[PDB]
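To begin, one chain is listed below as structure tokens, in the form deposited in one PDB entry.
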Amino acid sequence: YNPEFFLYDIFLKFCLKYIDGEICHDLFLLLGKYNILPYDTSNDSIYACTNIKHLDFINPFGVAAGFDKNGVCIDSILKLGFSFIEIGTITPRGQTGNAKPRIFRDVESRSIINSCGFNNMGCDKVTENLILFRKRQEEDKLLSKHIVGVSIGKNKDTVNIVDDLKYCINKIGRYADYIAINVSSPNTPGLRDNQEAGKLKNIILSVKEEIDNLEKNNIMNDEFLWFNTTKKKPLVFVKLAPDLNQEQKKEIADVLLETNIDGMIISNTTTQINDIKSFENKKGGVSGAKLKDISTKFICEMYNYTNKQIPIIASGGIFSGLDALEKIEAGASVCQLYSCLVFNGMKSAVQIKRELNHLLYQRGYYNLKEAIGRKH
């Protein structure tokens, strides 16, 4: 460990006590931007590698979407010891999002509620940011093999979703290792942009198509077209809300198999939790420990319904190595953390990786890839 991490966690716990949540987030994004945040320079355990198709993760931990919506702070967040980051959700046109304050924490239950409503600087500006990250990456030893995914969304104003995605893909696809389609947020009407199997099916196919076109259109060899990490075309993921009945779930599984989607992110925030007293007057989706059991259960179901064919990215409610293993044995290949960072601070990646490494050894597993879906 380090004093650096120690000093910052005191600082962060202080901010947690006094300051508004969104103000804290921005301050830490700002420290990152300025590169005063601490680095995890440790070698990751080779027995904790993971992959989704031919996309390779130096470790099983990344930061979920909504954390660095505008890609202002990628180098620093990655250097906290994460293998990947999912920037966005982005929109073609920048939006203010809903009225502030729109992030509320509950320390006792280690949980968050939000109604940001896709605030972001918009596709063009964010693409400029990612471009600059990619150039920084070519000369930053700590960033090599690190993965940046991009989460893409419809504008609140907009009538048609596909058009919005196509635009995003056209602008930012060249710089992405994967694309995350989310139709799972709370906070855009209504309540969840539709994932109607026919709708979703239509959505997924349009996305792959746009990506394919970029490959066709460009005259360059892949080494100079894909200005990303993998040097190949961005994979396609879809992020699902956990607020669906068992039938809606089975119908979605078919669609993912039908379209041969590269992976699924399970899951987004939920609107089905009331136990939080602080949150009673509040609007939006809930994150953190209260989501943990719900989202795990959801991982299991979709793992079964897709016949284990389709790779899973786990979110959220994961704070410990134990929480991580529970997601992995349910059928998840990689894990994403949001809430843990707010709760546990700068050290989350370092701590969780150690915790998982120890736990993998004490359960007799040889490597991480052996534990994926081992509850069946």
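Position 1 is the first residue in the sequence shown; the rest follow in order. Take the two forms, superpose them, and find the largest set of C-alpha atoms that agree within 1.5 Å; that set is the rigid core.
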property	result
Entry-level comparison of average CA B-factors, 17-25 and 360-368, reporting the higher stretch	360-368
166-174 set against 76-84, stretch whose average Cα temperature factor tops the other in the entry	166-174
Highest-ranked of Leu142, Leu191, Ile147, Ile90 once sorted by CA temperature factor in the record	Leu191
C-alpha B-factor winner, where the candidates are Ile113, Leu132, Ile273, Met121	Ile273
Entry-reported Cα temperature factor of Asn228, expressed as the chain third it lands in	lowest
Within-chain third of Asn307 by Cα B-factor, per the entry	highest
Among modelled residues of the same chain, the CA temperature factor third for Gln195	highest
Third assignment of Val107 from its chain's C-alpha B-factors	middle
Third of the chain's Cα B-factor distribution that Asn182 belongs to, per the entry	middle
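Although it is not shown, the form deposited in another entry is what the next lines describe.
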| query | finding |
| --- | --- |
| Answer among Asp164, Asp193, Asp75, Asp177 for the CA shift between this form and the one not shown that reaches 2 Å or more, rigid core superposed | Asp193 |
| Pair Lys199/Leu191, Cα separation in the other entry versus the displayed form, closer or farther by 3 angstroms or more | closer |
| Pair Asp193/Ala65, Cα separation in the other entry versus the displayed form, closer or farther by 3 angstroms or more | farther |
